[PDB]
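next one to model:
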Amino acid sequence: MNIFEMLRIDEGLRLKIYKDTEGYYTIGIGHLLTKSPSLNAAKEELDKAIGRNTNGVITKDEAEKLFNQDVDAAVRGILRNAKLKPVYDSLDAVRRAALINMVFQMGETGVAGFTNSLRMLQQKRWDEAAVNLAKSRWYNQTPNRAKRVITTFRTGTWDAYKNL
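Numbering: from 1, shown residues only. Find the structure here:
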């Protein structure tokens, strides 16, 4: 169980364009095409990314490729981040995956917002950061995924991902 297998469970895999909980055009393993409302504008982004004329359809392969580049960018995102880096450095390996999971999902900006729970993570206050994490819109939008992530920061194990 590692960051890739966790993210796969949470985002799933979709070969055709889709919209996320916020109304954004996404594809593959949670890959965000763009924030612009146009389906054409998104389909352009997809082609410029996959490099070929897809018609908003891709293969398992091209989705796996976006996934690798997305995990990688999430990681360098935490490391270039002055709010995020020190919390990351301060965490263990499992917990570290939890934070990449979040940045993958809502971006460095979205996650740096979480000041109070980030502060609590950097202080090892497992229990209090979880409550804080649950007190949020993220939780309400994506509650089962949020639960898994939260528990991961809680317990430090992959339990949420191994049990029903």
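
hmm, what's the outermost residue in the protein?
In the chain, the greatest distance from the average C-alpha position (CA atoms, centre = their mean) is reached by residue 53, at 26.9 Å.

please, which helix or strand holds that one?
Residue 53 belongs to no helix or strand when assigned by DSSP states H and E.

out of everything not next to it in sequence, what's closest to it?
Excluding its sequence neighbours, the residue lying closest to residue 53 (CB to CB, 6 or more residues apart in numbering) is residue 47, at 5.4 Å. Where you see a C-beta, it was placed from the backbone N, CA and C, and this is true even at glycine.

what number of residues lie near that neighbour?
Burial measure for residue 47: 14 neighbouring residues, criterion other CB atoms under 10 Å.

what's the burial count for residue 98?
Applying other CB under 10 Å, we find 23 residues neighbouring residue 98.

could you list the residues in contact with the helix or strand that contains it?
When elements are assigned from DSSP H and E, residue 98 belongs to helix 93-113. Applying CB atoms under 8 Å, 6 or more residues apart in numbering, the contact partners of helix 93-113 are 2-3, 6-7, 10-11, 30, 70-71, 74-75, 77-78, 81, 83-84, 87-88, 91, 118, 121, 138, 142, 145, 149, 152-153, 156-158.

dump the C-alpha coordinates for the next helix or strand after that helix into PDB.
Later in the chain than helix 93-113, the nearest helix or strand by DSSP H and E is helix 115-122. C-alpha atoms of helix 115-122 as PDB (Å, rounded to 0.1, in the frame of the first residue of the first chain):
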ATOM      1  CA  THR A 115      -3.700  26.400   8.800                       C
ATOM      2  CA  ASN A 116      -5.100  25.200  12.100                       C
ATOM      3  CA  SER A 117      -5.100  21.500  11.300                       C
ATOM      4  CA  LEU A 118      -1.700  21.900   9.600                       C
ATOM      5  CA  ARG A 119      -0.400  23.400  12.800                       C
ATOM      6  CA  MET A 120      -1.900  20.600  14.800                       C
ATOM      7  CA  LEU A 121      -0.200  18.000  12.400                       C
ATOM      8  CA  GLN A 122       3.200  19.600  12.900                       C
END
